[PDB]
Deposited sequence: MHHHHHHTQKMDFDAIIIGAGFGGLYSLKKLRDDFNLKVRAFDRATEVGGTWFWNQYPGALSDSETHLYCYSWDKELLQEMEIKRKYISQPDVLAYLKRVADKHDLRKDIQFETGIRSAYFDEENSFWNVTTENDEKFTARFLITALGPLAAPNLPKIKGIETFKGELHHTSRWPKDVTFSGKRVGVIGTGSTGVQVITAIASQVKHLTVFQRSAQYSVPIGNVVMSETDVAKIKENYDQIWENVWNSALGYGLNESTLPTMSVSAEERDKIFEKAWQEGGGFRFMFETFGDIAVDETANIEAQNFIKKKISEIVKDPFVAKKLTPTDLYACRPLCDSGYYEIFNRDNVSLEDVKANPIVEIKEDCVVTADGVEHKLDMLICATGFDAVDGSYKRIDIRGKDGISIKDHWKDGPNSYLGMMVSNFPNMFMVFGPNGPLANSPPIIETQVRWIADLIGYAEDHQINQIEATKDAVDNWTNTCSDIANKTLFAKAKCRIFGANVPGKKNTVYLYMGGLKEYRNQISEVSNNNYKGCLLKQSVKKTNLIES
């Protein structure tokens, strides 16, 4: 018996355990397949792994002593340093004693008679808990490219999510499939280290500089002496990235001023900065969106000197979503040892024991093939668990057509289950999202113990309500006209929404007593 069981020991799971155990005095147990805390920051160890959020905001806000103690080494934070940070959080707050590592959860069945959850590990260990906290993260199963003969490769073959230790690059011909956020980071990091690099690009994306620089002691003092206001700005923002979120229409200024504003963001760095600190309608107005695209296209044409390589790197879609961010990606393609293959025009048709074969018949001989090919959608981590709620319906069947939920934290037909960083949540910096959701869930659980209620479930109508406001907001935005579900109202408005619920006797939830 526990009051609550937590699945996950990343950002979301660690704060779930701290809040429920230490601030609400509940008996809690957390589970993770990993051998150590960190979640994705433990698993994902590929070359160039780096946060999109600046270091001073990609962390917890609730421990004011930790904020003053925190190492702020560079403007953005690398994977080993995030892992060290989360390890420090677990050390200080004595969290590992209530985490069972090396333990996967195979099934969670709701007991409508007892109003609690039956949780079974992959090693046939069974536990009971009133509440189930799922902190599964945004990444589901790794997506490997389905290419004929991929199993015949005799060289080194790795998905970026399973990057091994001790990988050496010198003297090797290396290929990378994928030019998303992960592919851009890997390509930029290893191009100077390999004998030759082939990039297999199916769809070119826009990328802006991240501007990762060392932080002076004065830089760090400016942050730490003003940390209270910094976090106040995060909670009062849409994105939680510390940006000066613009309301200025793109076309409302001259072409000269518009170039100056984009260049200012380009120099300071950041993908969210480029869309949302420059102007306020780049994700809404088609003409504004094209203006943002053309600036980056001009940058690509200026950086990469071979015009034909520049064209291959230039995105073709009419409208643009999130720009990537990089630490020198486009410059990579000026190198003598880098080849760019347009795999939309020249698809990969086969790979053999020593090569990747394109449709033109060319054998690209490789010692190592890196698959930066992404993951399944976020609900896949839930579908991967045998979660059964009321009447025995499984989350696999309940979400056969995609995820739907109430406020991004409760699922109809699944009582006493609360998701942290689950689907249908806000589009913002994730640590502020996770802190908001954990505090909201913990307040609801505390409200449950105070009023002797032992079953909490969101109604079907509340779920469809939440789906409606998400679809309404999303359809005002170009994110539907371009390249599984998000609330796009921002962190501030998201916090207003869930506050209205908790302030009105948890409107939309069923609360059973006993």
Which runs of the deposited chain sequence never show up in the coordinates?
-> 1 to 11, 495 to 508, 540 to 548
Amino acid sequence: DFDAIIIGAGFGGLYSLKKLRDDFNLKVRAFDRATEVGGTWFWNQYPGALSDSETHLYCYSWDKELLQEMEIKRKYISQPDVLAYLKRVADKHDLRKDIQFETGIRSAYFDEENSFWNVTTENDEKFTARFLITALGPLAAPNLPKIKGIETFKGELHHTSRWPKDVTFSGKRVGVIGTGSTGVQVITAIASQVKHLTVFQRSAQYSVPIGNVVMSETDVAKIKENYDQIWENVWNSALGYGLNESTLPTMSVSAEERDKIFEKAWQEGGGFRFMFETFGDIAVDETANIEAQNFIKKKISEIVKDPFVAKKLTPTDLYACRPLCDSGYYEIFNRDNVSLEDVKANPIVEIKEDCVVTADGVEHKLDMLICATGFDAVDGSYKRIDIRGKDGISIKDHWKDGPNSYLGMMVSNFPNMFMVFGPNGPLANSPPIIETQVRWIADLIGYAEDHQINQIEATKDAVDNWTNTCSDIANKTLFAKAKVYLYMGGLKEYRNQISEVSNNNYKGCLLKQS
From here on, numbers count along this sequence of modelled residues.
Greater mean Cα temperature factor according to the PDB record, 388 to 396 or 161 to 169 | 388 to 396
So which stretch wins on mean C-alpha B-factor, 397 to 405 or 220 to 228?
-> 397 to 405
From 245, 363, 331, 111, the top C-alpha temperature factor is at 111
Can you pull the Cα B-factors for 49, 59, 480, 37 from the entry and say which is highest?
-> 480
Rank-wise, by C-alpha B-factor, drop residue 99 into the lowest, middle or highest third of its chain.
-> middle
Relative to the other modelled residues in the chain, which third contains the C-alpha temperature factor of residue 465: lowest, middle or highest?
-> highest
Which third, lowest, middle or highest, does the CA B-factor of residue 319 fall in along this chain?
-> highest
Mind checking which third residue 15 falls in for C-alpha B-factor across the chain?
-> lowest
For residue 283, the third of its chain by CA B-factor is the highest
